[PDB]
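Peer 1: Encoded as structure tokens, here's the structure I'll be asking about.
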Protein chains: 2
Amino acid sequence: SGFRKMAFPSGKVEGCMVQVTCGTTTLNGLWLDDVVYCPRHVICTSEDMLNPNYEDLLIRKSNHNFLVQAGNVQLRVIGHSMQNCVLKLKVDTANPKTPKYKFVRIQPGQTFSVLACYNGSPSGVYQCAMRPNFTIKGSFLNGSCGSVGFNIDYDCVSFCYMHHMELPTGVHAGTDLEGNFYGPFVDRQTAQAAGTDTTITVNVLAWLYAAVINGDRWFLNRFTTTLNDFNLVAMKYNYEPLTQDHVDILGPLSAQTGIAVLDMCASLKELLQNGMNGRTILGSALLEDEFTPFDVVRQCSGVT
Amino acid sequence: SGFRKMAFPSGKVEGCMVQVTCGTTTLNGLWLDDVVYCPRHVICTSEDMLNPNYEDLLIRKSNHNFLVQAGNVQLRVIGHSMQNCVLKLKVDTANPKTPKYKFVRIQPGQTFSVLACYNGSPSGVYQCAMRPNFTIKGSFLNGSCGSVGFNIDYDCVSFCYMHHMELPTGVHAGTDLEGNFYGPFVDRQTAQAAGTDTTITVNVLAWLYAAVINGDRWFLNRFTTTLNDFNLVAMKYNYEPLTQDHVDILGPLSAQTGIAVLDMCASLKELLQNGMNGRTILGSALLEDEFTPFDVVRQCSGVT
Ligand SMILES: *CC(=O)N1CCN(CCNC(=O)c2cccc3ccccc23)CC1
Ligand SMILES: *CC(=O)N1CCN(CCNC(=O)c2cccc3ccccc23)CC1
């Protein structure tokens, strides 16, 4: 037993990280097969931050201007193209460590692991969630752009995120591996403010089930609620509305614990209204929302 | 910017995980060079849980009774020996993926990453701290024994922990890689209760410095304190006493932020006495103590 914020093992993704330099800018690239994916802003100077015209800036770049280094070995760039906000650098060598992979575009509320990198070198791994306002709360310094987010299904890595920027509020924005930003963000240093960072209700409920499974039960009460009643309280507390789809997704956890989903909603409703009163749930003094129901089942069952 | 509970990249350790089966018991082993390290309780049945005599149980075990599998390939066991609470299974093949490594015995308050494994297969990675009562708060189900804790210094993995057991309170106990338990715990299913789980004061202070660096500054106050005054409050709140050594260790963070260590102690003192008042620091509603000052510097500087 015990329940931790756990990331996927990062080895399969470490084997894909390369350094990409264009002029004075160095960031990370993701090397899969014979293609290196990286943020297109690698071609920008600090001068081009306000209003970059990427097609125009790219005309001045040739294959030999993109320096790609895998470990201490240089890769030969034989083609380059821009797809949305990412560049795809075709190299003459397929990555010998390319895992089975997919490019997926996740929905808000979904979690993933990030392998934070600097100069093509992995520094750490942590678990994130795509927030309902399409930002992520990561840990990214200068040089971390091009670090990726992913999930693993046994031996297949599903890449879902590539880091591009930090908003002036300290939250992060990026793209899927087709180069499309999550949310309304753009790769421009301009006034971009995030919307409401609502709490992912279905994830909090999943985490309350994890708490019960792992012995933390104090918050269980004698009440029940309905989706409509619960949602009036959820709206008041800036929680995402709970749908019948979320109830169905929590079905296996409800079966395992014998606690009906709406009864867990009533426990959550009292926690929202009454607070924790200085108590903790799974070592947390707030309601954790960065575990999906799948993460809870995975961690509670021991999926490898 | 942004500050996350980050684990080290786990690839170097994934390359070392093997499955070890003895009779009906399957757990994990750590394969370094031509030796596989695993908990000696792999030789126990559920029957032997109350009072195992490991020397006696081991007499009935031969090299061919220890089934070691690396991926889908069996390893040949050519010797076995018991060192404290671990078994060392000599195999005929050196692990080709053996990283540069050290075996270190950590002190309470020190953090490390755990690669949770089942049947020799990695399931996830998370960051832990050796608690002042010599337990860890992990995430370990049946089959996770033999999973290891480690730190990485550039390319050298320092293994500090191997998982052996769960106390009836849900907290975890294990050994260093020489097989010596941290704290007073034994590999016996008996009444073993943990002592006071005090808060690692120097780590909370380090995390308050990380908060200031990353923009969360509301808790900064107009006060200062002394080590003695601070420690009267720390004792009252079950915090570890702060020493001049801890003050010296926080020196670089104090220099970076311009906030004297004793001034940060006075901020911590008011947080202890007044609580958070429903506010958060780095997304936490409690004072986080599982980041050492070295972790904060590492994460804030971008060490790879
Ligand atoms: C996150 C990261 O590693 N970055 C790479 C280095 N840049 C500095 C130079 N680039 C910019 O200032 C710049 C220019 C155009 C557009 C953007 C968009 C997002 C971030 C930076 C941008 C900082 C980011
Ligand atoms: C953590 C883990 O994966 N374990 C391996 C499987 N055992 C079940 C069988 N072993 C015991 O019940 C047993 C016997 C003797 C001594 C101990 C000491 C600690 C834990 C189990 C023990 C459970 C643990």
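Letters A, B, ... mark the chains of the structure tokens in the order given; residue numbers begin at 1 per chain; ligand numbers begin at 1, in order shown.
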How close does chain A get to chain B? List, as a Markdown table, each residue of chain A within 9 Å, its nearest atom pair and the distance in Å to one decimal, counting only C-alpha atoms.

Peer 2:
```
| residue | atom | partner | partner_atom | distance |
| --- | --- | --- | --- | --- |
| A:1 | CA | B:141 | CA | 5.4 |
| A:2 | CA | B:139 | CA | 4.3 |
| A:3 | CA | B:139 | CA | 5.0 |
| A:4 | CA | B:139 | CA | 5.8 |
| A:5 | CA | B:126 | CA | 6.5 |
| A:6 | CA | B:126 | CA | 4.9 |
| A:7 | CA | B:125 | CA | 5.2 |
| A:8 | CA | B:124 | CA | 4.6 |
| A:9 | CA | B:124 | CA | 5.1 |
| A:10 | CA | B:10 | CA | 5.6 |
| A:11 | CA | B:11 | CA | 3.6 |
| A:12 | CA | B:11 | CA | 7.3 |
| A:13 | CA | B:11 | CA | 8.7 |
| A:14 | CA | B:11 | CA | 7.0 |
| A:15 | CA | B:11 | CA | 8.4 |
| A:115 | CA | B:9 | CA | 7.4 |
| A:116 | CA | B:9 | CA | 8.9 |
| A:117 | CA | B:304 | CA | 7.2 |
| A:118 | CA | B:304 | CA | 6.6 |
| A:119 | CA | B:304 | CA | 8.5 |
| A:121 | CA | B:304 | CA | 5.7 |
| A:122 | CA | B:304 | CA | 5.7 |
| A:123 | CA | B:304 | CA | 4.2 |
| A:124 | CA | B:8 | CA | 4.6 |
| A:125 | CA | B:7 | CA | 5.2 |
| A:126 | CA | B:6 | CA | 4.9 |
| A:127 | CA | B:6 | CA | 8.2 |
| A:137 | CA | B:2 | CA | 6.9 |
| A:138 | CA | B:2 | CA | 5.6 |
| A:139 | CA | B:2 | CA | 4.3 |
| A:140 | CA | B:1 | CA | 5.4 |
| A:141 | CA | B:1 | CA | 5.4 |
| A:142 | CA | B:1 | CA | 8.5 |
| A:143 | CA | B:302 | CA | 8.6 |
| A:144 | CA | B:302 | CA | 8.6 |
| A:166 | CA | B:1 | CA | 7.8 |
| A:170 | CA | B:1 | CA | 6.2 |
| A:171 | CA | B:2 | CA | 7.3 |
| A:172 | CA | B:2 | CA | 8.7 |
| A:214 | CA | B:170 | CA | 7.9 |
| A:215 | CA | B:170 | CA | 8.2 |
| A:283 | CA | B:286 | CA | 8.9 |
| A:284 | CA | B:286 | CA | 7.2 |
| A:285 | CA | B:285 | CA | 5.0 |
| A:286 | CA | B:285 | CA | 5.9 |
| A:298 | CA | B:123 | CA | 8.8 |
| A:299 | CA | B:139 | CA | 8.1 |
| A:300 | CA | B:141 | CA | 7.7 |
| A:301 | CA | B:141 | CA | 7.9 |
| A:302 | CA | B:141 | CA | 6.9 |
| A:303 | CA | B:123 | CA | 6.0 |
| A:304 | CA | B:123 | CA | 4.2 |
```

Peer 1: What would the file look like if the residues just selected were written as a short mmCIF file (atom, residue, chain, number, x, y, z; two decimals), in the first residue's frame with N, CA and C atoms?

Peer 2:
```
data_model
loop_
_atom_site.label_atom_id
_atom_site.label_comp_id
_atom_site.auth_asym_id
_atom_site.auth_seq_id
_atom_site.Cartn_x
_atom_site.Cartn_y
_atom_site.Cartn_z
N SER A 1 0.80 -1.19 0.00
CA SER A 1 0.00 0.00 0.00
C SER A 1 0.88 1.31 0.00
N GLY A 2 0.22 2.45 0.10
CA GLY A 2 0.86 3.75 -0.06
C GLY A 2 0.50 4.26 -1.45
N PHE A 3 0.35 5.58 -1.58
CA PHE A 3 -0.05 6.17 -2.85
C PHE A 3 0.79 7.41 -3.11
N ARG A 4 1.55 7.39 -4.20
CA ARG A 4 2.48 8.46 -4.57
C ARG A 4 2.19 9.07 -5.93
N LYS A 5 2.60 10.33 -6.12
CA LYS A 5 2.54 10.98 -7.42
C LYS A 5 3.70 10.36 -8.20
N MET A 6 3.35 9.46 -9.08
CA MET A 6 4.33 8.65 -9.75
C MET A 6 4.40 8.94 -11.22
N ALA A 7 5.60 9.03 -11.75
CA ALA A 7 5.79 9.22 -13.17
C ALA A 7 6.06 7.86 -13.80
N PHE A 8 5.89 7.75 -15.12
CA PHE A 8 6.26 6.53 -15.82
C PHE A 8 7.79 6.43 -15.80
N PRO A 9 8.32 5.20 -15.90
CA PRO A 9 9.79 5.05 -16.03
C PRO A 9 10.22 5.79 -17.31
N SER A 10 11.27 6.58 -17.23
CA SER A 10 11.63 7.48 -18.32
C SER A 10 12.66 6.97 -19.32
N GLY A 11 13.20 5.79 -19.11
CA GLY A 11 14.28 5.27 -19.96
C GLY A 11 14.01 5.29 -21.45
N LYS A 12 12.80 4.87 -21.85
CA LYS A 12 12.45 4.83 -23.26
C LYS A 12 12.51 6.24 -23.89
N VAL A 13 12.18 7.27 -23.10
CA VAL A 13 12.19 8.64 -23.59
C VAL A 13 13.58 9.25 -23.49
N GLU A 14 14.37 8.89 -22.47
CA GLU A 14 15.76 9.37 -22.36
C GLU A 14 16.54 9.00 -23.63
N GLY A 15 16.26 7.81 -24.17
CA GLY A 15 16.91 7.32 -25.37
C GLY A 15 16.56 8.10 -26.62
N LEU A 115 9.72 14.54 -18.99
CA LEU A 115 11.12 14.31 -18.76
C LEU A 115 11.78 15.65 -19.01
N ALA A 116 12.09 16.38 -17.94
CA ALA A 116 12.71 17.69 -18.07
C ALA A 116 14.13 17.49 -18.54
N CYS A 117 14.52 18.19 -19.60
CA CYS A 117 15.85 18.11 -20.19
C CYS A 117 16.47 19.44 -20.38
N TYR A 118 17.82 19.48 -20.38
CA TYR A 118 18.62 20.66 -20.70
C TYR A 118 19.76 20.20 -21.59
N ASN A 119 19.95 20.86 -22.75
CA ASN A 119 21.02 20.53 -23.70
C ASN A 119 20.98 19.06 -24.12
N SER A 121 20.04 16.56 -22.39
CA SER A 121 20.31 15.69 -21.26
C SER A 121 19.20 15.71 -20.24
N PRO A 122 18.72 14.52 -19.87
CA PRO A 122 17.63 14.44 -18.88
C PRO A 122 18.04 14.89 -17.47
N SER A 123 17.22 15.76 -16.84
CA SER A 123 17.51 16.20 -15.48
C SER A 123 16.54 15.59 -14.47
N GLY A 124 15.31 15.32 -14.88
CA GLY A 124 14.34 14.74 -13.96
C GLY A 124 13.02 14.38 -14.58
N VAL A 125 12.21 13.65 -13.83
CA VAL A 125 10.92 13.24 -14.34
C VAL A 125 9.87 13.50 -13.29
N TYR A 126 8.74 14.05 -13.74
CA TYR A 126 7.64 14.36 -12.83
C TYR A 126 6.32 14.18 -13.54
N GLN A 127 5.26 14.04 -12.78
CA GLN A 127 3.92 13.83 -13.30
C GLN A 127 3.16 15.17 -13.32
N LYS A 137 1.34 22.88 -15.07
CA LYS A 137 2.14 23.48 -14.03
C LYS A 137 3.40 22.61 -13.96
N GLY A 138 4.43 22.99 -14.71
CA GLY A 138 5.65 22.21 -14.76
C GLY A 138 6.82 22.80 -14.01
N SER A 139 8.02 22.36 -14.37
CA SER A 139 9.24 22.89 -13.81
C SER A 139 10.16 23.01 -14.98
N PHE A 140 10.21 24.20 -15.57
CA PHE A 140 10.96 24.41 -16.79
C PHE A 140 11.79 25.68 -16.75
N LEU A 141 13.09 25.56 -16.87
CA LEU A 141 13.97 26.74 -16.89
C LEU A 141 14.37 27.01 -18.34
N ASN A 142 15.18 28.06 -18.61
CA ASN A 142 15.70 28.27 -19.96
C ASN A 142 16.54 27.06 -20.40
N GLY A 143 16.32 26.63 -21.63
CA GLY A 143 16.98 25.45 -22.15
C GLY A 143 16.11 24.20 -22.07
N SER A 144 14.96 24.25 -21.35
CA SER A 144 14.08 23.07 -21.22
C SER A 144 13.08 22.91 -22.34
N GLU A 166 6.66 29.70 -21.20
CA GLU A 166 6.19 30.03 -19.88
C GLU A 166 5.46 31.34 -19.96
N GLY A 170 3.98 32.19 -14.67
CA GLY A 170 4.75 31.03 -14.24
C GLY A 170 4.18 29.68 -14.62
N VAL A 171 3.07 29.67 -15.38
CA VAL A 171 2.47 28.43 -15.84
C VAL A 171 2.98 28.16 -17.25
N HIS A 172 2.82 26.93 -17.72
CA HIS A 172 3.46 26.52 -18.96
C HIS A 172 2.52 26.17 -20.07
N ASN A 214 -6.14 2.83 0.41
CA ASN A 214 -4.92 2.90 1.19
C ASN A 214 -5.11 3.25 2.66
N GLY A 215 -6.35 3.17 3.16
CA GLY A 215 -6.63 3.36 4.57
C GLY A 215 -7.05 4.70 5.14
N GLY A 283 -1.40 12.26 2.76
CA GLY A 283 -0.32 13.22 2.97
C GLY A 283 -0.52 14.59 2.37
N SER A 284 -1.71 14.85 1.83
CA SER A 284 -2.01 16.14 1.24
C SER A 284 -3.02 16.93 2.08
N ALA A 285 -2.81 18.26 2.19
CA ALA A 285 -3.75 19.14 2.87
C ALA A 285 -4.75 19.82 1.87
N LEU A 286 -4.65 19.47 0.59
CA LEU A 286 -5.60 19.92 -0.40
C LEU A 286 -6.12 18.71 -1.19
N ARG A 298 -4.12 1.80 -12.06
CA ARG A 298 -2.78 1.37 -12.44
C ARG A 298 -1.88 1.24 -11.22
N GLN A 299 -1.87 2.27 -10.38
CA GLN A 299 -1.02 2.27 -9.20
C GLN A 299 -1.51 1.30 -8.14
N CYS A 300 -2.83 1.19 -7.96
CA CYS A 300 -3.36 0.27 -6.97
C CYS A 300 -3.30 -1.20 -7.41
N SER A 301 -3.16 -1.49 -8.71
CA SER A 301 -3.08 -2.88 -9.18
C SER A 301 -1.64 -3.36 -9.49
N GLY A 302 -0.73 -2.41 -9.74
CA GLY A 302 0.68 -2.70 -10.00
C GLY A 302 1.02 -3.00 -11.45
N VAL A 303 0.47 -2.18 -12.39
CA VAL A 303 0.70 -2.33 -13.84
C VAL A 303 2.16 -1.96 -14.20
N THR A 304 2.84 -2.83 -14.99
CA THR A 304 4.23 -2.62 -15.41
C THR A 304 4.36 -2.41 -16.94
#
```

Peer 1: I'd like the neighbourhood of residue 224 (chain A) as a compact mmCIF listing (two decimals) with C-alpha atoms, in the first residue's frame, where a residue qualifies if any of its atoms comes within 6 Å (using only C-alpha atoms), though same-chain residues fewer than 6 positions away should be ignored.

Peer 2:
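File written: around_32.txt
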```txt
# COMPACT_ATOMS: atom_id res chain seq x y z
CA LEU A 262 -22.53 9.70 -5.70
CA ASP A 263 -21.71 8.83 -2.08
CA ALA A 266 -21.23 13.74 -1.11
```

Peer 1: Would you kindly return, as a list in words, each protein, DNA or RNA residue with an atom no farther than 9 Å from any atom of residue 79 (chain B), considering only C-alpha atoms and excluding same-chain residues fewer than 2 positions away?

Peer 2: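 After dropping sequence-adjacent residues, the list is residues 62, 63, 77, 81, 88, 89, 90 and 91 of chain B.
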
Peer 1: Hey, can you spit out that residue selection with N, CA and C atoms as a PDB file, in the first residue's frame?

Peer 2:
```
ATOM      1  N   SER B  62      19.607 -24.058  -3.098  1.00  0.00           N
ATOM      2  CA  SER B  62      20.777 -24.227  -3.952  1.00  0.00           C
ATOM      3  C   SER B  62      20.750 -23.127  -5.029  1.00  0.00           C
ATOM      4  N   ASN B  63      21.862 -22.928  -5.749  1.00  0.00           N
ATOM      5  CA  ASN B  63      21.911 -21.947  -6.847  1.00  0.00           C
ATOM      6  C   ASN B  63      20.747 -22.129  -7.837  1.00  0.00           C
ATOM      7  N   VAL B  77      22.657 -18.833 -12.325  1.00  0.00           N
ATOM      8  CA  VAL B  77      23.170 -18.553 -10.975  1.00  0.00           C
ATOM      9  C   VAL B  77      24.306 -19.494 -10.629  1.00  0.00           C
ATOM     10  N   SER B  81      25.050 -15.919  -1.702  1.00  0.00           N
ATOM     11  CA  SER B  81      25.498 -15.665  -0.343  1.00  0.00           C
ATOM     12  C   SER B  81      24.590 -14.657   0.296  1.00  0.00           C
ATOM     13  N   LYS B  88      22.990 -12.077  -2.411  1.00  0.00           N
ATOM     14  CA  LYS B  88      23.796 -11.706  -3.546  1.00  0.00           C
ATOM     15  C   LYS B  88      23.901 -12.972  -4.380  1.00  0.00           C
ATOM     16  N   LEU B  89      23.276 -12.946  -5.533  1.00  0.00           N
ATOM     17  CA  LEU B  89      23.272 -14.097  -6.417  1.00  0.00           C
ATOM     18  C   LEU B  89      24.298 -13.843  -7.496  1.00  0.00           C
ATOM     19  N   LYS B  90      25.383 -14.610  -7.512  1.00  0.00           N
ATOM     20  CA  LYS B  90      26.399 -14.434  -8.530  1.00  0.00           C
ATOM     21  C   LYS B  90      25.885 -15.097  -9.793  1.00  0.00           C
ATOM     22  N   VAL B  91      25.878 -14.365 -10.902  1.00  0.00           N
ATOM     23  CA  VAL B  91      25.427 -14.909 -12.180  1.00  0.00           C
ATOM     24  C   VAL B  91      26.610 -15.062 -13.123  1.00  0.00           C
TER      25      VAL B  91
END
```

Peer 1: Quick one: everything within 12 Å of residue 177 (chain B), counting only C-alpha atoms, minus sequence neighbours fewer than 2 positions away in the same chain. Send it as a ChimeraX atom specification.

Peer 2: /B:29-32,35-40,82-88,101-106,146-150,158-164,174-175,179-182

Peer 1: Take the residues from that selection and write them out as a tab-separated table (two decimals), in the first residue's frame, keeping N, CA and C atoms.

Peer 2:
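File produced: result.tsv:
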```tsv
chain	number	residue	atom	x	y	z
B	29	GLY	N	15.06	-8.04	-8.29
B	29	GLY	CA	16.48	-8.04	-7.99
B	29	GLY	C	17.18	-6.92	-8.73
B	30	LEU	N	18.33	-6.50	-8.24
B	30	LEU	CA	19.13	-5.44	-8.86
B	30	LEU	C	20.39	-6.09	-9.42
B	31	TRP	N	20.57	-6.06	-10.75
B	31	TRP	CA	21.69	-6.74	-11.42
B	31	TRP	C	22.77	-5.73	-11.77
B	32	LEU	N	23.90	-5.81	-11.08
B	32	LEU	CA	25.05	-4.91	-11.29
B	32	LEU	C	26.28	-5.77	-11.46
B	35	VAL	N	26.41	-9.69	-10.31
B	35	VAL	CA	25.72	-10.00	-9.05
B	35	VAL	C	24.31	-9.46	-9.09
B	36	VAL	N	23.37	-10.24	-8.59
B	36	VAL	CA	21.99	-9.83	-8.46
B	36	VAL	C	21.70	-9.70	-6.99
B	37	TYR	N	21.26	-8.52	-6.56
B	37	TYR	CA	20.97	-8.26	-5.14
B	37	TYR	C	19.46	-8.32	-4.93
B	38	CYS	N	18.99	-8.97	-3.86
B	38	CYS	CA	17.56	-9.02	-3.60
B	38	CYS	C	17.31	-9.26	-2.12
B	39	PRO	N	16.10	-8.96	-1.62
B	39	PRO	CA	15.81	-9.22	-0.20
B	39	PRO	C	15.96	-10.71	0.10
B	40	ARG	N	16.58	-11.04	1.25
B	40	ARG	CA	16.73	-12.43	1.63
B	40	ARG	C	15.37	-13.10	1.92
B	82	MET	N	24.52	-14.69	1.61
B	82	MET	CA	23.69	-13.77	2.35
B	82	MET	C	24.57	-12.71	3.01
B	83	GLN	N	24.23	-11.43	2.81
B	83	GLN	CA	24.97	-10.35	3.46
B	83	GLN	C	23.96	-9.56	4.20
B	84	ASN	N	23.93	-9.70	5.53
B	84	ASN	CA	22.92	-9.02	6.34
B	84	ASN	C	21.50	-9.46	5.87
B	85	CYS	N	20.63	-8.54	5.41
B	85	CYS	CA	19.30	-8.92	4.95
B	85	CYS	C	19.16	-9.00	3.44
B	86	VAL	N	20.27	-9.00	2.69
B	86	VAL	CA	20.15	-9.20	1.24
B	86	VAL	C	20.85	-10.47	0.83
B	87	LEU	N	20.39	-11.03	-0.28
B	87	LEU	CA	21.10	-12.12	-0.90
B	87	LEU	C	21.83	-11.54	-2.11
B	88	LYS	N	22.99	-12.08	-2.41
B	88	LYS	CA	23.80	-11.71	-3.55
B	88	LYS	C	23.90	-12.97	-4.38
B	101	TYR	N	28.34	3.01	-10.63
B	101	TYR	CA	27.50	2.98	-9.43
B	101	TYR	C	28.27	2.95	-8.14
B	102	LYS	N	27.56	3.30	-7.06
B	102	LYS	CA	28.06	3.27	-5.70
B	102	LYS	C	26.95	2.77	-4.82
B	103	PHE	N	27.32	2.19	-3.68
B	103	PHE	CA	26.34	1.83	-2.67
B	103	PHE	C	26.58	2.81	-1.54
B	104	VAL	N	25.54	3.58	-1.21
B	104	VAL	CA	25.68	4.55	-0.14
B	104	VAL	C	24.60	4.34	0.90
B	105	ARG	N	24.91	4.68	2.14
B	105	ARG	CA	23.94	4.59	3.21
B	105	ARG	C	23.59	6.02	3.55
B	106	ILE	N	22.33	6.39	3.32
B	106	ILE	CA	21.90	7.75	3.54
B	106	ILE	C	21.50	8.03	4.99
B	146	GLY	N	12.47	-5.50	-3.34
B	146	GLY	CA	13.64	-5.54	-4.20
B	146	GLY	C	13.72	-4.32	-5.09
B	147	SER	N	12.61	-3.50	-5.17
B	147	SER	CA	12.66	-2.21	-5.90
B	147	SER	C	13.69	-1.34	-5.13
B	148	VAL	N	14.42	-0.47	-5.84
B	148	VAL	CA	15.49	0.28	-5.21
B	148	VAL	C	15.31	1.78	-5.25
B	149	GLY	N	15.98	2.45	-4.31
B	149	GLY	CA	16.04	3.89	-4.23
B	149	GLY	C	17.44	4.31	-4.59
B	150	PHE	N	17.57	5.45	-5.24
B	150	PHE	CA	18.87	5.90	-5.70
B	150	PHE	C	18.91	7.38	-5.93
B	158	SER	N	23.99	6.24	-7.31
B	158	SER	CA	24.30	5.85	-5.93
B	158	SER	C	23.06	5.18	-5.39
B	159	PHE	N	23.11	3.86	-5.26
B	159	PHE	CA	21.98	3.11	-4.73
B	159	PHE	C	21.99	3.24	-3.23
B	160	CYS	N	20.85	3.64	-2.63
B	160	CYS	CA	20.79	3.83	-1.18
B	160	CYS	C	19.73	2.99	-0.50
B	161	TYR	N	18.77	2.42	-1.24
B	161	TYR	CA	17.67	1.71	-0.60
B	161	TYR	C	17.21	0.53	-1.39
B	162	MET	N	16.78	-0.51	-0.70
B	162	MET	CA	16.12	-1.64	-1.33
B	162	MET	C	14.89	-1.91	-0.46
B	163	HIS	N	13.73	-2.06	-1.10
B	163	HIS	CA	12.49	-2.26	-0.38
B	163	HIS	C	12.33	-3.65	0.18
B	164	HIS	N	11.98	-3.76	1.49
B	164	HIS	CA	11.77	-5.07	2.10
B	164	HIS	C	10.40	-5.27	2.70
B	174	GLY	N	13.23	-0.73	4.75
B	174	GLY	CA	14.14	-1.45	3.88
B	174	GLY	C	15.56	-1.22	4.26
B	175	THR	N	16.45	-1.66	3.37
B	175	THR	CA	17.84	-1.68	3.69
B	175	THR	C	18.67	-0.85	2.73
B	179	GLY	N	22.54	-4.57	2.77
B	179	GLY	CA	21.56	-5.38	3.45
B	179	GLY	C	21.26	-4.95	4.86
B	180	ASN	N	21.76	-3.78	5.29
B	180	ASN	CA	21.48	-3.30	6.64
B	180	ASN	C	20.22	-2.44	6.63
B	181	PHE	N	19.23	-2.80	7.45
B	181	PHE	CA	18.02	-2.00	7.55
B	181	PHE	C	18.32	-0.59	8.01
B	182	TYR	N	17.53	0.34	7.48
B	182	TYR	CA	17.52	1.67	8.01
B	182	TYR	C	16.64	1.57	9.28
```

Peer 1: Would you mind writing down, as a ChimeraX atom specification, each residue of region 6-68 of chain B that DSSP on the backbone assigns to helix (DSSP H, G or I)?

Peer 2: /B:11-14,40-43,47-49,54-59,63-65

Peer 1: 6 Å from ligand 1 is the threshold here; counting only C-alpha atoms and all ligand atoms, which polymer residues fall inside it? Answer as a list in words.

Peer 2: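 Selection of residues at most 6 Å from ligand 1: residues 25, 27, 41, 44, 45, 46, 48, 49, 142, 143, 144, 145, 164, 165, 187, 188 and 189 of chain A.
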
Peer 1: With N, CA and C atoms retained, could you export that selection as a short mmCIF file (atom, residue, chain, number, x, y, z; two decimals), in the first residue's frame?

Peer 2:
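See part.cif below for the written result:
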```cif
data_model
loop_
_atom_site.label_atom_id
_atom_site.label_comp_id
_atom_site.auth_asym_id
_atom_site.auth_seq_id
_atom_site.Cartn_x
_atom_site.Cartn_y
_atom_site.Cartn_z
N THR A 25 20.57 29.83 -30.08
CA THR A 25 19.54 29.17 -29.28
C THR A 25 19.77 27.68 -29.19
N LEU A 27 18.05 24.16 -27.46
CA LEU A 27 16.97 23.53 -26.71
C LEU A 27 17.00 22.03 -26.96
N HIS A 41 10.49 27.80 -32.37
CA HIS A 41 11.15 29.02 -31.87
C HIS A 41 12.65 28.83 -31.66
N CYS A 44 14.46 31.50 -33.44
CA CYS A 44 14.32 32.88 -33.01
C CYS A 44 15.42 33.35 -32.12
N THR A 45 15.73 34.63 -32.28
CA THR A 45 16.64 35.34 -31.40
C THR A 45 15.73 35.98 -30.31
N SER A 46 16.33 36.62 -29.29
CA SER A 46 15.55 37.37 -28.30
C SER A 46 14.81 38.53 -29.03
N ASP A 48 13.51 38.55 -32.09
CA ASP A 48 12.31 38.06 -32.76
C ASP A 48 11.21 37.62 -31.78
N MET A 49 11.33 37.91 -30.46
CA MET A 49 10.34 37.40 -29.50
C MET A 49 8.96 38.08 -29.61
N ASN A 142 15.18 28.06 -18.61
CA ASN A 142 15.70 28.27 -19.96
C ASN A 142 16.54 27.06 -20.40
N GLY A 143 16.32 26.63 -21.63
CA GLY A 143 16.98 25.45 -22.15
C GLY A 143 16.11 24.20 -22.07
N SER A 144 14.96 24.25 -21.35
CA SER A 144 14.08 23.07 -21.22
C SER A 144 13.08 22.91 -22.34
N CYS A 145 12.93 23.91 -23.22
CA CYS A 145 12.00 23.78 -24.33
C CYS A 145 12.36 22.57 -25.20
N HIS A 164 6.99 24.52 -24.90
CA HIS A 164 7.36 25.68 -25.70
C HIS A 164 7.54 26.95 -24.92
N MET A 165 6.69 27.19 -23.88
CA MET A 165 6.82 28.47 -23.21
C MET A 165 6.25 28.61 -21.84
N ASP A 187 3.33 30.83 -29.85
CA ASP A 187 4.76 30.94 -29.55
C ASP A 187 5.29 32.33 -29.88
N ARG A 188 4.84 33.29 -29.10
CA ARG A 188 5.09 34.71 -29.28
C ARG A 188 5.16 35.27 -27.85
N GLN A 189 6.08 36.20 -27.60
CA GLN A 189 6.21 36.80 -26.27
C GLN A 189 5.30 37.99 -26.29
#
```

Peer 1: Do you have the CA of residue 221 (chain A)-CA of residue 245 (chain A) distance handy?

Peer 2: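 Separation of CA of residue 221 (chain A) and CA of residue 245 (chain A): 24.0 Å.
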
Peer 1: How many Å separate CA of residue 268 (chain A) from CA of residue 232 (chain A)?

Peer 2: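 For CA of residue 268 (chain A) relative to CA of residue 232 (chain A), the distance reads 12.7 Å.
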
Peer 1: Which one is closest to residue 291 (chain B): B:22, B:208, B:194, B:70? Count only C-alpha atoms.

Peer 2: B:208

Peer 1: Could you check the closest approach to residue 28 (chain A) for each of A:202, A:68, A:50, A:210 and tell me which residue wins, using only C-alpha atoms?

Peer 2: A:68

Peer 1: Quick one: distance from CA of residue 43 (chain A) to CA of residue 64 (chain A) in Å, one decimal?

Peer 2: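 Going from CA of residue 43 (chain A) over to CA of residue 64 (chain A), I get 12.8 Å.
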
Peer 1: May I have the residues within 12 Å of residue 250 (chain B) as a ChimeraX atom specification, using only C-alpha atoms and disregarding those fewer than 5 positions away in the same chain?

Peer 2: /B:201-210,242-245,255-262,264-265,292-297

Peer 1: Write out as an MDAnalysis selection string all residues of region 13-186 of chain B that backbone DSSP assigns to strand (DSSP E).

Peer 2: chainID B and resid 17:22 25:32 35:39 66:70 73:75 77:83 86:91 100:103 111:118 121:129 148:153 156:166 172:175

Peer 1: So which residues touch residue 238 (chain B) within 7 Å, counting only C-alpha atoms, skipping near sequence neighbours fewer than 3 positions away, as a ChimeraX atom specification?

Peer 2: /B:198-199,234-235

Peer 1: Those residues with C-alpha atoms, as a PDB file, in the first residue's frame please?

Peer 2:
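Result saved to result33.pdb:
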```
ATOM      1  CA  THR B 198       9.128  14.446  12.648  1.00  0.00           C
ATOM      2  CA  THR B 199       9.317  17.076   9.928  1.00  0.00           C
ATOM      3  CA  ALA B 234      10.344  23.394  16.222  1.00  0.00           C
ATOM      4  CA  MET B 235      10.260  21.012  19.236  1.00  0.00           C
TER       5      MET B 235
END
```
